[PDB]
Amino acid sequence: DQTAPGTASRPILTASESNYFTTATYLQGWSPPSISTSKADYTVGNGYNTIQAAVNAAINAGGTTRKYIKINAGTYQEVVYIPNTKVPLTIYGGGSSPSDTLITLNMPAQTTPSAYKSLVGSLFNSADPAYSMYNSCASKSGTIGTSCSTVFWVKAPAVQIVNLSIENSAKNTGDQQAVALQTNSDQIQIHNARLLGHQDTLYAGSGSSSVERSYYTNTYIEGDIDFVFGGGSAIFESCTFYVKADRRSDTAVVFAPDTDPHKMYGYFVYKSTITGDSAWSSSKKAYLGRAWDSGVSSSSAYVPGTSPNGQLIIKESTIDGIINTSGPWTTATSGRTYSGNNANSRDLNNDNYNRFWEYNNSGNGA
């Protein structure tokens, strides 16, 4: 139900409260440029035979002018690493549909460093601008871990990712994490894209910046567990979130924010659709979210105001009947039980409760 203030298991913003949470408000003064893939400075398939090589060319050439990297339609089994740079980059697929350009690997966090080297090592020379990223993953022991599982890794501000598909196809056990896209910087724009995985598909805001903003438009994102997770200020407008049933069909969760308690703006889902495989429709065993209580050992170790306290608003979106309609928010990764504040008067930034809220959603799951 969408009546404010809601229930302790499903709090709903008041009309007045809703006015504090809008695209403009989450943008925090950032005015995103129009995406306009109007040219190709570097073309993978007409000048570059790996994507990394085109990225490297654009970064190494320097300057302040936005550079456009076109990726010809095709399937690319490689990583794409954007190290920190002042060059604004737009990387876009050359096909008619974003499904026509696919960057994909089966590369879970559990991947050994030797296997990682075999899989991607030939993309990197020690002189290249992203070598330190590669080497930091290559130099691990045992497993590369969650950050190093990332297929497309953005550590530069002002990157635009457009009209393409990024996939980490690892579904080898029910315990594997495998990141498709990871963003670590401010002013990232993802438009008309498809982000595919299972657990930890999209690492949205992996960095420490107080202001680390990303804007997703017209984008399709799938997974089953914590498939949109992290700490950025991330806006998702006209997006689709799809809970897959092909790896698992017991107990899914979409969002896992670890938003800093002093950060007002975590995740904003607006005019979007939350849906999934039919199995969940009859199951109702998916959750909209849980807190990623990063660095918190147990529920006993949670310090209100210091520990992360994930922030998420789903507003004016379609929620299909795939979720637990009475209790869509589940236990945090720490074991900290979900607690919703449904008092008529309240502080939406209070850290003694979770910060998961809705306003004016519709559909069978609303």
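Quick note: we count residues from 1 along the sequence shown, nothing fancier.
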**Fill in**
Stretch with higher mean Cα temperature factor, 28-36 vs 320-328, is 28-36
**Request:** Would you determine, from the values in the PDB entry, which of 168-176 and 259-267 has the greater average C-alpha temperature factor?
**Result:** 168-176
**Fill in**
Reading the B-factor column for Cα atoms of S214, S209, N192, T201, the highest value belongs to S209
**Request:** Among the candidates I144, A73, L89, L119, give the one with the maximum CA B-factor reported in the record.
**Result:** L119
**Request:** Using the B-factors in the PDB entry, rank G63's C-alpha atom against the chain and give the third, lowest, middle or highest.
**Result:** highest
**Request:** Rank-wise, by C-alpha B-factor, drop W280 into the lowest, middle or highest third of its chain.
**Result:** highest
**Asked** So where's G340 on the chain's Cα temperature factor ranking, which third?
**Response** middle
**Prompt:** What third of its chain's C-alpha B-factors does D351 belong to: lowest, middle or highest?
**Reply:** highest
**Message:** Using only modelled residues of the chain, where does the Cα B factor of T50 rank: lowest third, middle third or highest third?
**Reply:** lowest
